[PDB]
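Q: Please find the sequence and an experimentally derived structure below.
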Amino acid sequence: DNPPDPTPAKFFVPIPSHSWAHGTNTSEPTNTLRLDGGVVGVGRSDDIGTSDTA
Amino acid sequence: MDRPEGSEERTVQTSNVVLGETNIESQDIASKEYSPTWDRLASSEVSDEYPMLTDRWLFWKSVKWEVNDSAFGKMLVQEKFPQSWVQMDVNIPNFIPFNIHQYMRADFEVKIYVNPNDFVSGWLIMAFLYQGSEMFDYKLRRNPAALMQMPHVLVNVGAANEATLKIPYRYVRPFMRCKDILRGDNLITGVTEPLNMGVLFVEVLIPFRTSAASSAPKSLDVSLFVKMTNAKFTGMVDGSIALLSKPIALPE
Amino acid sequence: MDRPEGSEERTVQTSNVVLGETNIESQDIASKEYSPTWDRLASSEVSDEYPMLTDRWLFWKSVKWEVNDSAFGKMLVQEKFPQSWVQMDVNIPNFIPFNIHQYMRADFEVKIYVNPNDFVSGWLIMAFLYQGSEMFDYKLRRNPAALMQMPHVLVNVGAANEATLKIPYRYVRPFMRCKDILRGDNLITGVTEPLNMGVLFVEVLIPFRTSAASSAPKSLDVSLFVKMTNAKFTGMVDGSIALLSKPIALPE
Amino acid sequence: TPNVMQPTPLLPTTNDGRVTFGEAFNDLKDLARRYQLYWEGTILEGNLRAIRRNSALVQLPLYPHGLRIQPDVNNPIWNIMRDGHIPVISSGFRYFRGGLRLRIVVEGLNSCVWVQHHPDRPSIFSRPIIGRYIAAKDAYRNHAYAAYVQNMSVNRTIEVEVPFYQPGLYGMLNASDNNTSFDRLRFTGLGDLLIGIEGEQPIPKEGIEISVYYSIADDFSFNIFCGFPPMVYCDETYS
Amino acid sequence: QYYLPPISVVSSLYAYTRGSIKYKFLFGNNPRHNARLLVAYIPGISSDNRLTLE
């Protein structure tokens, strides 16, 4: 059973890269150079404080 | 016959082998069939059974009898039973369910197949005699009149028919040796005949009679099959720890 | 030792055979032990098991290593496992629990016995490598440094000690053939090595060192035993329907 | 004495504090690798047959343990540093049962490219063969084999997954090369991969460059642990 | 040109195969004819170089 999918194509606009201006309140898709391909962030402790950038 | 196929033919299936028959058999049993209980009283070693190998039906010989040699009493096959040892020179071969072991015992079943035409007449009589080779009147009991009184099956050549002869184990040991123990004097410890439980007799009950035509077959083949219901082996040795001597044929 | 008799010696009993040991073993298993389930998916014929014959412990070889030939890496025995075929000329012999059947499979257990004096020192390392004969780096993995990383048992000569190496069945078939199928081209259907599951390695971990005395023994014998936990045979043929070729030795 | 056996331990200290393999770093470190490593080089016009139609340009044998390394001066990635992780990981095991993922990059062409997979073809080669110098009756596109036709105008990297189709219990890796059995040709490799060009039109003067990267799959497994063969240090490749 | 049977044509469309095979023997005889045949299945053999009834 190889059913046909005659579902209308969707008009899509191609662009080279994601926003260069956006710095917060959004997601930035990228090719993470890691072995784990999920949402990955550096491990921390009390030895390594939060960013002090208020 | 009466179908696009032939008639429906009966079947007999054992381990790894199937035999086909088309007509009604002619059967009989050598003696009262039983369950061996004094055999465990002869060997301290655990017995072994090989159902997949011993229950198999095997074809060992096929003899041809023609009209010119078919006379009342003509012995078609006269061999010591059970002895089915076949090798390139006259020399038990490990090529089949056969074991090079010291002692063994089992019940046997003999099936005789003959395939004649609708236009021939004759009779074969397959009999068996427990340790007949050891009787002082052996050569005297080969005549069909004597075979009729022994356990036996009859084959009609005027009908295509099969036959089975059940031969339960009977012996004086009660474990017969597969090979020889040759170191003994004639006065004490005489040489022991390996696997000699009896003599299988097939003979001509009624001379094979054919049509007088030239293009008609004057020879008929008699094929035989043998099987073992339950086999036990209690002598474990090297295949060449003891050796097999040339079978001493005993004909009259 | 300390009794009118010797010390109490441990015993290992299988079918029709008993092995005696006096000290603590050194053991290991080739791979995860299991129960074969895809083997019934390879043969339509019913499998056969012969516990009384296959569970038996057999002695196949005994090698002697002297001080003069004892060097680090010295291979005392290097043969394809499992191959225990012994005959008068270089030619599987029916003299033991060995069958001339097309296909088979089983798990193996190797026991190494060494009997040294209270005054010697040295080390033997018995290892096994699944289908090592088919690896492109076989001859390169014979060095004891490489044997340490394979499933293996160690023998101390400064203590009298036994050792057992459990080798569960692992293969690509999953039924290995006992004999050859020789009719094939080198490009397709290459010749199949009968019963080649791997290579059994024993070697000198530490050079055999003896006393400097003249009347002291300078040679020690290394005897081996092999056994099968559960064997299955699914290829029934004539003992001479196929034939056994001369075992192609493969040494470095 | 099992492979891991400690007869008499003399441990002076407590154990080191447990990390998870992903805590002071953020990834879980275990022995599984879908990291893609190279497999071949470039092709020119003078390599292909006189009639280059439905004739493959490359005959790639499929081995989990990679191909037989061959050092060149044109390709230093094989010479100064040995083959990638995958063939050194497979060197410590004996059997495999999974399929392989192939990523293929064709750069000198803007014309359509095909890739076909031959599972039952005996893997008796340890090196890829190109064009004219390919054995006849090979590098001929077959009809009923798993394949993928791709235009280089749309995308010039082909990603396919080669299945495991062997009539056996296992798949043998680290297979010897030159002289047989029945386990080295049908039970070792996943088969052969044929790469060809849809057109018979001549190859551009500059030639075409085909870089084949591959990785392991999920249904793949390194079943039996064997001893590690002696290795070679890449750091000593200058003296 | 080979007149292949259904099992053969289909099998030529697939790489590997397995299972029992059913060989039906049809005889052009009448009631008068009589005989017995021993048909065997020898595993691991591909010729009759060493093949006999016994």
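A: Happy to help now that I have it. Numbers count the residues shown, from 1 in each chain, chains lettered A, B, ... in the order given.
Q: C-alpha from now on. contacts and neighbour counts both.
A: Will do.
Q: So for residue B:87, what's the nearest residue that isn't a sequence neighbour?
A: Distance criterion Cα to Cα, 6 or more residues apart in numbering or on different chains; nearest residue to residue B:87, sequence neighbours excluded, is residue B:93 at 6.8 Å.
Q: List the contacts of that neighbour.
A: Contacts for residue B:93 (Cα atoms under 8 Å, 6 or more residues apart in numbering or on different chains) come out as B:85-87, B:99-100.
Q: What about the spatially most central residue of chain E? Give its phi and psi, please.
A: When Cα atoms, centre = their mean is applied to chain E, the residue found nearest the centroid is residue E:23 (5.2 Å). With angles defined as degrees, to the nearest 10, residue E:23 sits at phi -100, psi 110.
Q: thinking again about what came up before, quick check on the contacts of residue B:93: which are buried?
A: For the contacts of residue B:93, a burial check counting by 16 or more other Cα atoms under 10 Å in any protein chain shown picks out B:99-100.
Q: With secondary structure as extra columns, can I get the contacts of residue B:93 in CSV?
A: Formatted as CSV, the contacts of residue B:93 follow (DSSP: H, G, I helix; E, B strand; the rest coil):
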residue, secondary structure
B:85, coil
B:86, coil
B:87, coil
B:99, coil
B:100, coil
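Q: so which of the contacts of residue B:93 comes closest to chain D?
A: Closest approach to chain D among the contacts of residue B:93 (Cα to the nearest Cα): residue B:99, at 33.2 Å.
Q: now that closest one, nearest residue through space, not along the chain?
A: Residue nearest to residue B:99 in three dimensions, not counting chain neighbours: residue B:92, with 6.6 Å by Cα to Cα, 6+ apart.
Q: check contacts around the one you found.
A: Neighbouring residues of residue B:92 by Cα under 8 Å, 6+ apart: B:85-86, B:98-100, B:178-179, B:244.
Q: separation between it and residue C:117?
A: Separation of residue B:92 from residue C:117 (Cα to Cα, to the nearest Å): 46 Å.
Q: Tell me which helix or strand the residue in chain A that chain C sits nearest to sits in.
A: The nearest approach of chain A to chain C comes at residue A:35, 28.2 Å away (Cα to the nearest Cα). Residue A:35 is part of no helix or strand when elements are defined by DSSP states H and E.
Q: The residue nearest to it when sequence neighbours are not counted - how many residues pack around it?
A: Spatially, and ignoring its direct neighbours in sequence, residue A:35 is nearest to residue D:27 (6.6 Å; Cα to Cα, 6+ apart). When neighbours are defined as other Cα atoms under 10 Å in any protein chain shown, residue D:27 has 19 of them.
Q: residues in the stretch 1-150 of chain B within reach of chain C, list them.
A: Counting by Cα under 8 Å from any Cα of the partner chain, the stretch 1-150 of chain B comes close to chain C at B:16, B:45, B:48, B:52, B:94-96, B:100.
Q: is it true that the residue nearest to residue B:87 lies in a strand?
A: No. Going by three-state DSSP, the assignment for residue B:93 is coil, not a strand.
Q: need the residues of chain E near chain C, please.
A: Contact residues (Cα under 8 Å from any Cα) of chain E with chain C: E:19-20, E:42-45, E:50-51.
Q: Let me have those residues in a markdown table, adding neighbour count and secondary structure as columns.
A: A markdown table is the format used below for the residues of chain E next to chain C (neighbours: other Cα atoms under 10 Å in any protein chain shown; DSSP: H, G, I helix; E, B strand; the rest coil):
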| residue | neighbour count | secondary structure |
| --- | --- | --- |
| E:19 | 9 | coil |
| E:20 | 6 | coil |
| E:42 | 15 | coil |
| E:43 | 14 | coil |
| E:44 | 18 | coil |
| E:45 | 18 | coil |
| E:50 | 10 | coil |
| E:51 | 14 | coil |
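Q: tell me the strands in chain B, going along the chain?
A: When secondary structure is read from DSSP state E, chain B shows strands at B:11-14, B:17-20, B:27-29, B:58-66, B:75-81, B:103-114, B:121-130, B:152-156, B:163-167, B:176-177, B:198-209, B:219-233.
Q: Would you mind giving those strands as TSV with distance to chain E added?
A: Shown next, in TSV, are the strands of chain B (distance: least, Cα to the nearest Cα, whole Å):
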stretch	distance to chain E
strand B:11-14	14
strand B:17-20	9
strand B:27-29	20
strand B:58-66	8
strand B:75-81	18
strand B:103-114	8
strand B:121-130	14
strand B:152-156	14
strand B:163-167	15
strand B:176-177	25
strand B:198-209	16
strand B:219-233	9
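Q: Just put those in a markdown table and tack on distance to chain D and mean neighbour count.
A: Listed next are those as a markdown table, based on distance: least, Cα to the nearest Cα, whole Å; neighbours: other Cα atoms under 10 Å in any protein chain shown:
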| stretch | distance to chain D | mean neighbour count |
| --- | --- | --- |
| strand B:11-14 | 31 | 12 |
| strand B:17-20 | 29 | 12 |
| strand B:27-29 | 50 | 16 |
| strand B:58-66 | 34 | 15 |
| strand B:75-81 | 46 | 20 |
| strand B:103-114 | 40 | 21 |
| strand B:121-130 | 52 | 22 |
| strand B:152-156 | 52 | 23 |
| strand B:163-167 | 45 | 23 |
| strand B:176-177 | 44 | 21 |
| strand B:198-209 | 49 | 22 |
| strand B:219-233 | 37 | 18 |
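Q: tell me the contacts of residue B:167?
A: By Cα under 8 Å, 6+ apart, the contact list for residue B:167 reads B:29-31, B:107-110.
Q: Kindly report the same for residue D:225.
A: C:31, C:150, D:92-94.
Q: for residue B:139, same thing?
A: By Cα under 8 Å, 6+ apart, the contact list for residue B:139 reads residue B:252.
Q: And it, how far from residue D:66?
A: 80 Å.
Q: which one in chain E is furthest away from the centre?
A: Within chain E, the residue lying farthest from the chain centre (Cα atoms, centre = their mean) is residue E:32, at 26.1 Å.
Q: and it, which of the three is it?
A: Residue E:32 ends up coil, using three-state DSSP.
Q: How far off centre is stretch B:124-136?
A: 11 Å (Cα atoms, centre = their mean, to the nearest Å).
Q: As CSV, could you dump the C-alpha coordinates of that stretch?
A: Written as CSV, here are the backbone C-alpha positions of stretch B:124-136 (Å, rounded to 0.1, in the frame of the first residue of the first chain):
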residue,chain,number,x,y,z
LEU,B,124,6.5,-66.6,-1.5
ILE,B,125,6.7,-67.4,2.2
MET,B,126,8.8,-65.3,4.5
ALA,B,127,9.5,-66.9,7.8
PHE,B,128,11.7,-66.4,10.8
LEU,B,129,13.4,-68.9,13.2
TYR,B,130,14.9,-67.8,16.5
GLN,B,131,18.5,-69.0,16.7
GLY,B,132,17.9,-71.6,13.9
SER,B,133,21.6,-71.6,13.1
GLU,B,134,22.2,-73.3,16.5
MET,B,135,19.7,-76.1,16.1
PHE,B,136,20.9,-79.6,15.2
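Q: Name the residues that touch that stretch?
A: Applying Cα under 8 Å, 6+ apart, the external contacts of stretch B:124-136 come out as B:30, B:80, B:138, B:144, B:147-148, B:150-157, B:170-171, B:196-206, B:250.
Q: Tell me if residue D:46 really is in a strand.
A: No. Read with three-state DSSP, residue D:46 is helix and lies in no strand.
Q: Tell me how many other residues crowd it.
A: So residue D:46, with other Cα under 10 Å, has 12 neighbours.
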